[PDB]
Amino acid sequence: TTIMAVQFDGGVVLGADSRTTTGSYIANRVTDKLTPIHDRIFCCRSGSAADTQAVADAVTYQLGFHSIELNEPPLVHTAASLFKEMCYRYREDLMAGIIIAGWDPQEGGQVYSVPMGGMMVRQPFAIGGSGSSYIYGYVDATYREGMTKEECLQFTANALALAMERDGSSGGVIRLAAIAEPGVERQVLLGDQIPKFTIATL
Amino acid sequence: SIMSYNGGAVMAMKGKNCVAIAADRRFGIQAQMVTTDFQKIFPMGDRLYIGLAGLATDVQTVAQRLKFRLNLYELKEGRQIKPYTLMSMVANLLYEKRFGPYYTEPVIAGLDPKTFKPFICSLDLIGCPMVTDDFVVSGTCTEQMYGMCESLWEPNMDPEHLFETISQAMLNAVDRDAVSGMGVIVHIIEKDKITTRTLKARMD
Amino acid sequence: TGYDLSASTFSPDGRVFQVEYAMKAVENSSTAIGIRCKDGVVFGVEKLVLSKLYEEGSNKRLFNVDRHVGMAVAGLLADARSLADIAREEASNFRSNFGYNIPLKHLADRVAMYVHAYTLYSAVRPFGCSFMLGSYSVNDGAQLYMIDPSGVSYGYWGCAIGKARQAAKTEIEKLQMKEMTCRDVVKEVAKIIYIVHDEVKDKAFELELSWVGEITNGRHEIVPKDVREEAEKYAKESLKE
Amino acid sequence: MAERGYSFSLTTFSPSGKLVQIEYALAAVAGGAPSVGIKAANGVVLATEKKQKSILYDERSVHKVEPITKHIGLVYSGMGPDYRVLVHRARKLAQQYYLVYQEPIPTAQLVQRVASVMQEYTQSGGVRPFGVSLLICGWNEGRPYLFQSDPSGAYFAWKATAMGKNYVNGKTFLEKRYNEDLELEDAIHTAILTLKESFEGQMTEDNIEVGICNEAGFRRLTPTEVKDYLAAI
Amino acid sequence: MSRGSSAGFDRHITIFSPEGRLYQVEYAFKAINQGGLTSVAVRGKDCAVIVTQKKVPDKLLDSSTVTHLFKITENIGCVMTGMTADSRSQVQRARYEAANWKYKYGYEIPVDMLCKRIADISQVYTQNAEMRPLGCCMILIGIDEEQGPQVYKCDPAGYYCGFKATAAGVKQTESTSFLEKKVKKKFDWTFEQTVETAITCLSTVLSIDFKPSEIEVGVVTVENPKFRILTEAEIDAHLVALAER
Amino acid sequence: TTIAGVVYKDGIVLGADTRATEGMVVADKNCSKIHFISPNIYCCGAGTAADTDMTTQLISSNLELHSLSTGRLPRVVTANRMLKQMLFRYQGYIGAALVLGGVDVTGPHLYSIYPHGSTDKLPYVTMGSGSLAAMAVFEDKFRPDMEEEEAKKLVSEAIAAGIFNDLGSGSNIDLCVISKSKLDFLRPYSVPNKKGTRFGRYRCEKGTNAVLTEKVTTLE
Amino acid sequence: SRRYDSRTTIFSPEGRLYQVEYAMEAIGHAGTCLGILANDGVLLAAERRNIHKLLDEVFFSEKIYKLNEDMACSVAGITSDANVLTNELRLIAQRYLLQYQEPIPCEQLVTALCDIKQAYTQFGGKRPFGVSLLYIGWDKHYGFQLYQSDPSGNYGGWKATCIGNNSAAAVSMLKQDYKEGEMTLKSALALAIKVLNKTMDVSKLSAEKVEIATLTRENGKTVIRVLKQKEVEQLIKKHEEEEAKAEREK
Amino acid sequence: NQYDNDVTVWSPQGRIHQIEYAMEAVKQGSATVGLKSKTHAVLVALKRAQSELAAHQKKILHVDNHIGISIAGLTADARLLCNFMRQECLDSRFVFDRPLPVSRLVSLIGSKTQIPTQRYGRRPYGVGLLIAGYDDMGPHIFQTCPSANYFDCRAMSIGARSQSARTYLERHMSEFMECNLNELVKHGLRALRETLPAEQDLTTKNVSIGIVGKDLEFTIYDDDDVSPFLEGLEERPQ
């Protein structure tokens, strides 16, 4: 699993691979690891599939009730706080690393990382999963401030492609989501749409 | 390991219009025999029987609790239980202890009331029922019983042929098991009568 | 006969008389007023001095429910203190759960639901107090809410609760609070409190003033002593002609 | 707020030895809409009147005849919300029976369990007895059943009976018209005639609700079939 | 068994009278009218409209907070009649029930199911003697995929039903008679016709010409199933269209 | 055990083998591994058989109650949510893994549910010890929007591969075809395996067994 | 809360429990249940108060309930409370059988149900059960037995007793006519028929208005059976023949 | 009437009669006086004896090293409240290793005593307390009521015939602030003596004195430690 969220001026760009494994067997090669928590809030799930699914369902339920009560669009910080509270209260029982990314009228695009253990930090960009280790240097050397939405999409696609090439638990297709004020735009990169890097030979 | 603590073997077979249930009689602790007339088959009706193999204490506990529930059911419903309903009741009773399981594998043989259609079934220790059409076996010598039954069973057997088949299968299966034997008791359930026989078996 | 002994019993007319009796108890208390302006909310309480032996500031009817929320109460003071504790717990729990300051409307709704929970059973008694909630934030602006013993919560521009609230409402209606600032609203509140107080009926009172707004940077606090003295002087000189 | 309830019984014996709360619940039932049940040779028909006080109501939204299982149906007389509560409890009891025994509950067992619930509400603390009588039909072992459960928790097996307003006149009419070996269609005709005996106004395919139980199971009769039966009557 | 007969505590707690009635429930029904307001709900062929009168006696009251229209979900809206605090508690309960239904079953609650749940809760209040029933009436508004617009009303007695048109409040009898007359003369009702029917029903039962700030209108349509509250401009346009003819 | 399912152009086809083993011995040669949930929803089971039976029965009962209350046809998403929440709150102690398929107002849906409480919504799924052979068949031959007969043939081929390449699978092939207009519970659908015909006869005759005591009770 | 409490478990100024006496009045308003103990068995003879031409045929018996393989009971009073008490009795019998693997003696079962009744009459604030019960059975200790229990929780053993409507007249008749140690089941049935005939004076005796159940021992087994309509008709015919013979001989 | 038997029943006048009856219970007790200077807080209690052969009832209790109370009303209620306050102070010293502020303790007392006044079957605490404490804010005199209301007082008197003591405290409040310990105790003793009839005089048997200050822990002077404070008191002015 490799997940990635990057913040640009108007919003955020989310990305994930689609491989779910039971050992070395790929049980689901078209998995959708980008979960919409609200209209403009998504989450990236890594770790135990059951734990992440249950936590995402519970946070969706709580955030929907909270937004209905307040008659106001929810904050990305509020969704991150709910995820953090649930993941910290049950840190011994859950195995869930979450990335919460979304757009706010009051705060704009926001990326929050909630790793295993239950800490919460806002970042310009976040990467998670077993395949994120292989792309730390790439995102460190490639990220720059002021990137547009298209540049953020290309950056996320490149990093995900490299991680999928190197990581055995990552692969399949690249699912991208761009969230801004107008709405959420989703796309799937597959086949030759995935960025290609030539293998060095001889 | 826990199921082999006391030994035992229960077998049920289907005839044309009859059922047969058989069990060994040995009661023992590990490799020591205590008694040779332990009851493993319990009547659950006029033409309904249950055989229990496994821990002897769990055999007795399950038989008594099943008799409790069956007596309450028959007092309330005002009728005799059907063998499928009894199988469901045993499954519920065993699954209530899913995390504290009884170490018994019940075997149910009987004729459906008002129809007299033969019914046989077996359940695991947590209550998974398995309704077959030929035979069901349970106990420490299930492989020998399976071989004997698969070799000898025939469809639409008369009660005499059914008796001979189940007797030969049980005798030759418990002759090859260390912790089973010390006699065999066979019940043949017909529409009009029930025949109980003890077989001349080895006592070693 | 006997239809007015329990909050779990309706009258033939369709009334819950225990709640009305609690509201009557509220109507016997001294008057506290609150005015919302374009940049904050100002609270003023006519705190009666029942005995000269009491310390100044004793039995204060202004509370800090949260860093940004103030509370002005009227009625039974023990019930008001319990409701202030409930509001404080609600705000603390909201910050613990959702990670940010509770909106004043949401807090008012929660406390109003808690109050309404005491108007349904014979096992409990309706609260004998009514109170106002004031707050200010950059995103939400100035907000002012009032909760009555029945559990009804409404937003207000200017609210008065207590013995003389109709005269206080008449005095407040003469104010163009939508364009005023907290500095002038403090003096206006002091003048209204001095106007509605009954010198013949009540021997003496203290003027308790508090505000929340941009001048306090979104914090609810007691109005500073200088501004309080200026407002009291202005109120006294306005009473004189 | 306090979630505790009253721990003392609201139904108590009188100096004459009568539970007057049960009698008042029976009066509430007797003030309800007429309901008729007829056990035929090959099935049971449950019939009732549902005339809304206005044409603004949606006749197709609330059903007085309700299925409990695939083979058991319900109809009531008295207070509608109480009937809803009892329908929910009866469905839950039938599903529990199926979970335990893996066979559909017999009509008698479900009637006994519902009557036990009604007795519990007649004796427990801080509650009033239900203000409904239930007409329960079912098909078990190739045989139809018709039962009536009263607010007190007592149940009776009936060939034909009536509840609600003018239920004594309906009972006399059923005594005059009922006979054994009756076919299901004749039973439906007799039930509709029993409803007509006390019906005020014009009876259409929406003013009444009919449910039938037979070997195929229990089902509500659609308004088109009710219209056909009314035209045939 | 005689009319108006009383025995024991049947006037004080929810126990049966000799006639078989529950007087506390009727008293809660009167508590509904104690509020003094009236609301009207009308169902169209592709829409559903709720209109209630908005009374703000004093200018010191922030008018944006005096609302009797609430949204339970994105697609379900309600209008409350009766006691305000009871209405708010019932609205909170309905919101919780809808959210829990979505969490547990994976799809949005139907309007009929929500009305049934609220009616069940109010019935529980009618059967137990330790608590007061709520003196409020709830009318639910929503769009069903199979059946279309839905209008459901539940009362303190535990009774609920679907309606082509319904009313609640002080003048609910006159409004129901007017809606009976309108529905009997059946003709095609578009969204505009349904809104005008509800508005004119309220105006004729209150016998007052309406201003855009004196009423409150919420609608759901098949094209836009989301529940929305009309602004003063749209209400003014509807009122002008009504007044020209 | 080999259980498989596909989504075809108009519904769901479920498949299973009918062999149940206890260790390395075949206990049942005709075992029904496709479980009724609702008239439009069925389920294939793997794992602890008693856990699967009880979980499917409980969810079927709850769905029946839900459909009785609502008066509508049950949704596959409701069954999936109920199953996954119940499995998750037991933290995998209920070792039931399920292939859930059905057709509702939204169309045909297929789910795979795991004992810890994680679900996947896929156009084709496999489960059991023979799941990899059936998955190979699917990945080799599956195409979207197949016809009913083509889907039945594909599921039968997958189950046959599981039967003939896994020691835990065998016997017959059972198919459940679900569409918005009909439901087809084909048991058995194929019989690729049969007992060999006898080459001789065994000795089993009357009087062969010696009897010590005999008691006969006449039932009136 | 205090205002609405009825105080069902408090003493009266004369030391009486009013709710218990009112439940006993309810018993007195119920149908007649009769029990006679003979040498070779014991019988129950209840009056069918549920009579109507539109009523369906009863499954086993309207008022006689089998408690276990060796006992049966008859109830007078509130029917649903009787259902609760019979379910509890069956539960107690099954619990004893589970614990000891022997059928419960009759007096122990009666004592358990009476303990439940007394617990309801002492605490809880609930109304008492308005049921009186007649118990018949056989056990290895005392053979055939007949017991009667009250809503107060008081029980006692009897040779012949009656509860329900016109129970005092039936008790007087049994006192006059019961012969201790000489009763057979046939003479007991004749006495039961004559007592039911005299007590049910408003309605002439017929097999459709009475239910009769007997308890006998048949080769080490207890047989609890309900008399068929023809058998009760023959009993009534014999009673009428004897009455006509007495009329002629007087 | 019908409104004076339950604490959960409002009256048509907006009053709860059970609370007023508990206030009467407080008014039934013997008079005690609390007063404070800039550096000390003093409680002087007029003890009462059931008989000539009975010891005078305790009226001043130890709560903590910086807090003491004087009681008036139901003695068992007073002991319950004192135990609650002692537990609260011990918890404060255990968790924060600092003395609990007096105002926060009084707030806790009010919160605890408000609950029984709103629940069916409970009754108000029929005791009124005068609390003397010293903390970072200096000396404090507090008065609690069965109505769960509490007051911050410069001086206060509760119990029977406390109106005369309150009048004397009103007269001499202007000079209470600058008095030293002996002068403050003499002022309190004169205020307490104002509650006594002419034929009765303050003696070492019926006077209890509790003092807390900046450098002085809370101490109770009962029988022979009272004589230095009694010495110097002039005769009753009549």
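We're sticking with Swiss-Prot numbering for chain H, so the shown stretch reads 4-241, in order.
Note that Cβ sites are derived from N, Cα and C of the backbone, with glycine treated the same way.
Feature annotation from Swiss-Prot assigns ubiquitin cross-link to H:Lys115, H:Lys208; the stated evidence is similarity to another entry. Residues or ranges marked as O-linked glycosylation site by Swiss-Prot: H:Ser110. Residues annotated as phosphoserine in Swiss-Prot, with similarity to another entry given as evidence: H:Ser110, H:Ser177.
For the recorded positions H:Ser110, H:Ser177, the largest tally of other C-beta atoms within 10 A is found at H:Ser110. The Cβ of H:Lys115 (ubiquitin cross-link) has 16 other Cβ atoms within 10 Å, all protein chains considered.
Distance from the CA of H:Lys208 (ubiquitin cross-link) to the CA of H:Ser177 (phosphoserine) is 30 Å. Its own atom aside, the Cβ of H:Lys208 (ubiquitin cross-link) has 12 Cβ atoms within 10 angstroms in the protein chains shown.
H:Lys208 (ubiquitin cross-link) falls outside any helix or strand according to DSSP and counts as coil. It is 34 Å from the Cα atom of H:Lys208 (ubiquitin cross-link) to that of H:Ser110 (O-linked glycosylation site).
According to its DSSP assignment, H:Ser177 (phosphoserine) is helical.
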